[PDB]
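Coming up is one lone chain in C-alpha cells, specifically the form deposited in one PDB entry.
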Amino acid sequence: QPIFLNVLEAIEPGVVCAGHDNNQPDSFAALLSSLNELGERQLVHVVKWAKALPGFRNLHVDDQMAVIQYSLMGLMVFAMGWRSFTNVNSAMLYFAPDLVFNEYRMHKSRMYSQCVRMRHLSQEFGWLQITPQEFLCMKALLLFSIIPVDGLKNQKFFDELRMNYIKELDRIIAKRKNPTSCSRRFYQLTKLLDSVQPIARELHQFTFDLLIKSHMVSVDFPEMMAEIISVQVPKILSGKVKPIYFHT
C-alpha cells in the first residue's frame, strides 16, 4: 500500500491560470506582470499543497513558512518543466494554459537564458523517462532543499523530514531487482534535482533586479510577491540561505 505516494497524488495542485491577455501583442511589461500574478496564484496553491504534506506539522511554524518562501522558485520551475514536457513535449514553456512561451516570448521576457535552461530541463523529463511518481516525490524533496546557514528554529526536525523524503524516493526507485540500477537511477534523479537550483538562482536574481526598477518599466508586483522578493529572496542571493546540493 503506497501510503506516502497516494498522498502526493491526492494533494497535487490542479491547473492554475495566469489571466494574461493573449490577444494583445507581446510586451515585456505585460508578460512579466502576468508572470508576477501567476507567481502569486501558484504560491497560494503551493502553501495549501505544502501544509498537507507528510510530516510537515513536525516543523516549527516559522520554518514551515520559511522553507515555502525559499523553495518557491525551484518548485515552480520543476513543475513547469514537467507541464512543458507532458503537454507540449518541451516545444514551448507551459507556464500556464493561457501563458505558454515560444522562443519569441522567451526573448521578449528578457529571461531567455533562464527560459532555454528550463527548456533543457523539460527535455530531461523525457530523456530520463521520469515517471509521474518520480516527479511527485522529487517535487516534494525540493521543498526541503534550501536551508539557512544560521539554522532553522528547529533544524533537527527538518533534517528528520528530509531524510525520510529521501527514503521515499529510494523506495520509489526500487522494477527493483538490482542495487546498481537503483544507484544509477538515484544518481540521475539527484543530478536533475541539483540543476533546478542555478535556474532558480538566475530567476531570483532577475526578479530581484526587476522589482528594484519596476517603476521604471511599468511592471506591477502584487503586494505579497514584492514582500517575498524584498525580504526572503535577498537572503538567498546574499548567501545567507543556500540550496542543499546532492553533488558538488
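All residue numbers are counted from 1 along the displayed sequence.
Only in words, not in the display: the form solved in complex with a small molecule, which the text now covers.
With the partner omitted here, the residue from 133, 89, 102, 164 that has a non-hydrogen atom within 4.5 angstroms of the small molecule in the entry with it bound is 164. The closest heavy atom approach of residue 160 to the small molecule in the entry with it bound falls within 4.5 Å. The shortest heavy atom separation between residue 218 and the small molecule in the entry with it bound exceeds 4.5 Å. None of the heavy atoms of residue 181 is located within 4.5 Å of the small molecule in the entry with it bound. Though the partner is left out of this view, residue 171 does reach within 4.5 Å of the small molecule in the entry with it bound, counting heavy atoms only.
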